[PDB]
Amino acid sequence: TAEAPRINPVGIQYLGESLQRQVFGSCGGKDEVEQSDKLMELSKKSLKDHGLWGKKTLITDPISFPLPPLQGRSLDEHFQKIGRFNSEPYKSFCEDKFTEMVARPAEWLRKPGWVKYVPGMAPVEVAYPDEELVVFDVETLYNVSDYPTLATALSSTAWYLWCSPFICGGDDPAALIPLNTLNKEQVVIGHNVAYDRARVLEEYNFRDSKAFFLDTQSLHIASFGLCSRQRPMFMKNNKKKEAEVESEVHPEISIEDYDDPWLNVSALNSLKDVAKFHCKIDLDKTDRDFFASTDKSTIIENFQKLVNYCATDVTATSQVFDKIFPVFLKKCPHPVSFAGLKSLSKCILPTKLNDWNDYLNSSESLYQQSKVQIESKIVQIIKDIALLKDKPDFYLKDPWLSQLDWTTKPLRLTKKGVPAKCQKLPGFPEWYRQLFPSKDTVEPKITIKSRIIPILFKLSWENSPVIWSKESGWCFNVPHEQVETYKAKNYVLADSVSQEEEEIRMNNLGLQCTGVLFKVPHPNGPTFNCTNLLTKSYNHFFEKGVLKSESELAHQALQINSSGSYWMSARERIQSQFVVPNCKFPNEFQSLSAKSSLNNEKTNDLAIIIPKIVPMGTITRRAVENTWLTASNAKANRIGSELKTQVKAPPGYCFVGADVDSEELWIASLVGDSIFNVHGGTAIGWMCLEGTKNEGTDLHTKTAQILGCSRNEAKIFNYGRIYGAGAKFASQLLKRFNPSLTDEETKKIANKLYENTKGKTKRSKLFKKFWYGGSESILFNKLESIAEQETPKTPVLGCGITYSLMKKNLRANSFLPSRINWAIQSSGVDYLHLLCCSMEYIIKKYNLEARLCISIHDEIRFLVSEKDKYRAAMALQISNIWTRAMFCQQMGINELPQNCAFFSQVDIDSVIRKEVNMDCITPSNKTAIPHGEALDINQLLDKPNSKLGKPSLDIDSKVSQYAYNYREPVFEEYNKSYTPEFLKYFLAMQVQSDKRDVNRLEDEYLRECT
DNA sequence: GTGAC
DNA sequence: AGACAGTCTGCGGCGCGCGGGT
DNA sequence: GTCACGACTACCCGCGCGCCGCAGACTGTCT
Ligand SMILES: Nc1ncnc2c1ncn2[C@H]1C[C@H](O)[C@@H](COP(=O)(O)OP(=O)(O)OP(=O)(O)O)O1
Ligand SMILES: [Mg+2]
């Protein structure tokens, strides 16, 4: 009948016979079990200590369907051969690059288009440079338009200059530089090259391009780190540079270089600093103001100077690249890294123009309408208050109005005449004067973020007025009788200095002391001070009634603060995007499919945005985007949060997308389970693999149900406990999730959870310090151990770490937590690169009509026509299973669990959102969007027209030419240092639950070693 | 300052 | 009719709190 | 009954507000 499931000694299911044969081929691991039996016993003991032995898991029928064959006897051979296939011929052009540079022409000619100069010959006019490799730089007049003005290119033989018609006697500034990227394969090298790519004429096509734009900044960051640890490590570099510039003498003996050697191997990200560091070139930056002008006649003069400046920039960039590139080849030697770098350097965003303009208009209009309306009333209140200065008796009794500086200076008199020398407001109180910045200002300025607002809005805490102090922040007065009682409420007294200042101010104003000052609590802790009382996390106190106001505008101010902060943060970046319409370039916007079959109706409003993506902008080799990878999600009360819904597909096309499930937790569990060689050998690995997302039995959901919070808050809590957070911070997090709890309750819960999770600690001379008795002790010990190696490498692809964070460059300020995080956060980049390479290979092999659109970390999307949508989903599933099998085989296990093999959901839609069934109603958008479609593996297999067709025979013939070289895995290199007796005794001690047993094992080891 | 020696 | 020494008067750079994302 | 350093989520982007160091114009004796 049906096939029977296969189960380990632990109740975990594996793949079926067909999937096993097509993925892992034939393998045998029977010989390890004889050594593994002791480990199994240890694992069994651990599983009995936490009560997970004999507990049932999820068992389902096996899945079997045919797959495309592999190109080697192992996954490493397959991936290396496909990487060499996808990396050519750009890799050959990157090498054999010229070293000597040709001479510069004496005079430049002003002529529209492309002009080529060859030493010894006359200048010529050309249509395209038509070169394999060039170095490129672009200049533009940004205050006039977004279109380029001039450009220069350098090759191995000649020089090229491109001039716009706008500076050659024209009134139309809309022009783009042509390079024939749709038919000629080429490599263009530049510094921040995306900004230059955005100004190329033939890049505005839905059909794929054939040019590779390479960036030196990403190579420099990935190689040298730039001390970009986002800690005052970055501050010490600037401080040391300031100290060196201040000193006019250079002593032979150097102080603080012994303590911090890494100060000598770092620079900044700007091109001038990189050139000064690597190539010792002093690059002057003075002419950059000439491109800030409004009149174009300025550019007509000083033409030769500007062209020479741009050519000097080109020369510096070439000399920097010729030194940077071999180092990058040395640190990252796997072809998949280069293929992923090429894949992530080409992205496109199709939009529409009128919708974008309407969205911008509404988003600005609502914001200004709210802001002006509230500010008018605040100014009116200030005007009414400032009129009573003539009666000292009325305001000297008010508890709030008595804290203002009611002092007036005399009017100056010069030679018995009016001086009239910049006197802003004579004979007025000081608090009123400070509102006006200068004499020209006629109306006082005020904002809800000002400091005197809790004085203008009479605020009370526990039915007591608030008092501003110098040393502390906001405080309130409690009489002597109840001082002990409020100590039961865990409030904290202020320091003695503020007490003395309060005493002297009350003696100056002429009253007697009746109590003491208590501090308003702060969310972070008792040490921090409170400075603002109208921000987030004070709304709950306003709802309860602890914070009270005598004015109705406090609640409206809180609403306005909650509603319009993200627009205030991102308006300038959102409104300054470069959008190119269809009506201006009618010969460019070509369709993805060759058989267009006309159908140009109702397509009169189309646009394309090219993002400015830095492929490697972090120490962990992640990509950086300032606008599109920092975009908010749609919310019911947030203005302008519908940004990502503005990306729309043209008629006849759609978006197919996916996102990886529980990514880095799975990687950490795999690292922890690699010691025992069996999936589920540790308690956390067994807890992670028991259920699936579709049944609502994942670890994040269970944590949320136990803690009584949402799933995102559970994700934060779980990712906070790992990477080294304390119990006090966990208690503060629990307080912030549920603000109705008591301090002791949260402390007890956090203490119990940390005791159950991590365990206890032991210090021994032989085995240093180690955790024991917990369900995640082995994982913590392994993560601590792998970060102290001499040459740290990524376990999957073998990428190296930056020079700034290596051991030999550090004697103090170890920066330990980043070195702990680095490997786990850097494995995701390799995951993404493998996924992209697999998708590119499948698309090229089976002639699908698809192209990558956007990749936000572990989320990816593709633009696919209506005919090949389910084939694209199938290719995504195959890529996922290949990547997971690669990860499992590299770490030493030749099996894969069935539950984690495939994506949970695959999304097909027409816009970009997080969930298909979202109306996306915002305060600025009043129209709902129809829902999309989401599919799992069984529903995908049930549908027709989802099967791949006939393949091309020549692709495999081209792939088979490349070579394969065997390499040894990273953990196998790591395991050579330790003797097996040390390992077995350490593993035996890590699973014990009492100090006496560990001491006995240490004594037995000491007796055995002799 | 605080669980471990 | 300058000389110059006090004597204010704003103006710009810097750090920090506070929000968005995986 | 002492003790010896431990202890610490991570990676990115950017704006408004208070604070302080200076460049510049204005009297006022002074020659
Ligand atoms: N506060 C955070 N701290 C550390 N890492 C985080 C944090 N938030 C997100 N990440 C990291 C860990 C994730 O594995 C990785 C991918 O992001 P994300 O998809 O949001 O988490 P996830 O994959 O575990 O949940 P899900 O299964 O719903 O996709 O980014
Ligand atoms: Mg995910």
Side-chain angles (χ1 to χ4, degrees), chain A residues 221 228-232 235 238 409 412-415 417 419-420 422-424 433-434 436-441 445-452 473 522-524 528-532 534-537 561-562 564-573 614 617-633 635 638 640-641 643-644 659-660 663-664 712 715-730 733 755 760-765 769 783 814-826 828-829 832 855-859 914 995 999:
Chain A
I221 296 171
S228 169
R229 190 255 183 273
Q230 66 182 358
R231 188 178 183 271
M235 294 298 103
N238 296 115
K409 65 179 72 65
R412 272 193 298 211
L413 294 174
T414 58
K415 64 178 72 66
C422 275
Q423 297 205 228
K424 182 173 72 175
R433 270 170 46 90
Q434 184 178 2
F436 301 85
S438 65
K439 65 178 73 174
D440 53 347
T441 300
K445 66 184 289 184
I446 193 66
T447 302
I448 62 170
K449 294 158 152 279
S450 312
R451 166 169 290 171
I452 70 162
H522 187 259
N524 266 14
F528 307 77
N529 293 167
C530 182
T531 61
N532 315 115
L534 278 185
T535 68
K536 171 158 64 153
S537 86
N561 195 264
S562 179
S565 197
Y566 167 76
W567 191 247
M568 197 201 60
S569 178
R571 53 189 297 256
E572 70 275 15
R573 289 171 307 191
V614 179
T618 63
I619 46 170
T620 61
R621 277 180 316 113
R622 182 177 291 172
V624 174
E625 181 66 27
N626 73 342
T627 302
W628 293 105
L629 277 70
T630 56
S632 158
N633 282 312
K635 210 182 205 195
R638 206 182 277 157
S641 65
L643 174 74
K644 292 186 300 167
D659 178 78
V660 184
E663 188 186 37
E664 270 183 40
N712 287 162
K715 267 158 74 157
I716 296 156
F717 190 89
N718 277 178
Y719 285 137
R721 185 177 65 247
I722 299 169
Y723 297 154
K728 291 174 71 175
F729 184 67
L733 272 179
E755 182 65 26
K760 296 183 290 294
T761 60
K762 183 174 174 65
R763 310 178 179 83
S764 66
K765 296 183 289 294
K769 184 177 180 180
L783 286 194
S814 291
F815 312 131
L816 183 63
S818 292
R819 295 201 267 140
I820 297 170
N821 190 5
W822 172 80
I824 302 299
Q825 212 196 67
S826 179
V829 184
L832 183 68
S855 178
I856 298 169
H857 298 116
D858 66 318
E859 187 202 356
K914 186 179 289 293
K995 293 186 286 184
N999 295 310

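Each chain gets a letter, A, B and so on, in the order the sequences are listed, and its residues count up from 1. Hydrogens, waters and symmetry mates are skipped; everything else that's a heavy atom, side chains included, is used.
- For the OP1/OP2 pair of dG28(D) and a distance below 4.0 Å, the side-chain nitrogens and oxygens of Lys415(A) include at least one atom meeting the criterion.
- For the OP1/OP2 pair of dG21(C) and a distance below 4.0 Å, the side-chain nitrogens and oxygens of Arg622(A) include no atom meeting the criterion.
- Within the structure, every side-chain polar atom (N or O) of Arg231(A) is placed at least 4.0 Å from both OP1 and OP2 of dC8(D).
- Comparing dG20(C), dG19(C), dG3(B) against the side chain of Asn561(A) picks out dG19(C) as the nearest.
- Here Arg573(A) lies in heavy-atom contact (under 4.0 Å) with sugar-phosphate atoms only.
- Neighbouring residues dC5(D) and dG6(D) fail the stacking criterion, which requires the centres of their six-membered base rings to lie under 5.5 Å apart and the ring planes to differ by under 30°.
- From the dihedral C1'-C2'-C3'-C4', which is negative here, one reads the pucker of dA7(D) as south, toward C2'-endo.
- The CZ-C1' distance, from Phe528(A) to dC16(C), rounds to 13 Å in whole Å.
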Practice prompt. For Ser814(A) and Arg819(A), run side-chain contact (heavy atoms from CB on, under 4.5 Å): C-alpha distance rounded to whole Å, both residues' side-chain angles, the deciding distance at 0.1 Å, then the answer.
Written response: CA-CA 9 Å; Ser814(A) 291; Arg819(A) 295 201 267 140; 3.7 Å; yes

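- Map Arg763(A) and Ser818(A) each onto its nearest nucleotide of DNA chain D; the residue landing nearer the 5' end is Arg763(A).
- Look at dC8(D): it lacks any Watson-Crick or wobble partner with both distances under 3.5 angstrom.
- Note on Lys765(A): every side-chain N or O is 4.0 Å or more away from OP1 and OP2 of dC5(B).
- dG24(D) and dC8(C) make up a base pair, with Watson-Crick or G-U wobble contacts both under 3.5 Å.
- Put simply, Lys715(A) has no side-chain N or O that comes within less than 4.0 Å of OP1 or OP2 on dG21(C).
- Residue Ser228(A) has no polar side-chain atom (N or O) positioned under 4.0 Å from OP1 or OP2 of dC11(D).
- In this structure, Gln230(A) reaches the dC12(D) phosphate: one of its side-chain N or O atoms is under 4.0 Å from OP1 or OP2.
- Within the 4.0 Å cut-off from OP1 or OP2 of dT9(C), not a single side-chain nitrogen or oxygen of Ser438(A) is found.
- Residues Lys536(A) and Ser562(A) are not in side-chain contact: their nearest non-hydrogen atoms beyond the backbone lie 4.5 Å or more apart.
- For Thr627(A) and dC13(D), the shortest distance from a side-chain N or O to OP1 or OP2 is not below 4.0 Å.
- Among the atoms of the strands shown, none is found under 4.0 Å from any heavy atom of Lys409(A).
- Closest heavy-atom contact between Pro419(A) and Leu413(A): CD-CA, 4.4 Å.
- At a threshold of 4.0 angstrom between heavy atoms, the contacts of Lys536(A) are confined to the sugar-phosphate backbone, with no base atom among them.
- One finds a side-chain N or O of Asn532(A) lying less than 4.0 angstrom from the OP1 or OP2 phosphate oxygen of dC18(C).
- For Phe729(A), whose side chain is taken as the heavy atoms from C-beta onward, the closest listed nucleotide among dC18(C), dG19(C), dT9(D) is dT9(D).
- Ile619(A) comes within contact range of the sugar-phosphate backbone alone, with a heavy-atom separation under 4.0 Å but no base atom that close.
- Taking only side-chain nitrogens and oxygens, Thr630(A) never comes nearer than 4.0 Å to OP1 or OP2 of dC12(D).
- Taking atom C1' in both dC11(D) and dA4(B), the straight-line distance is 35 Å, to the nearest Å.
- For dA1(C), the paired base is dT31(D) (Watson-Crick or G-U wobble, both distances below 3.5 Å).
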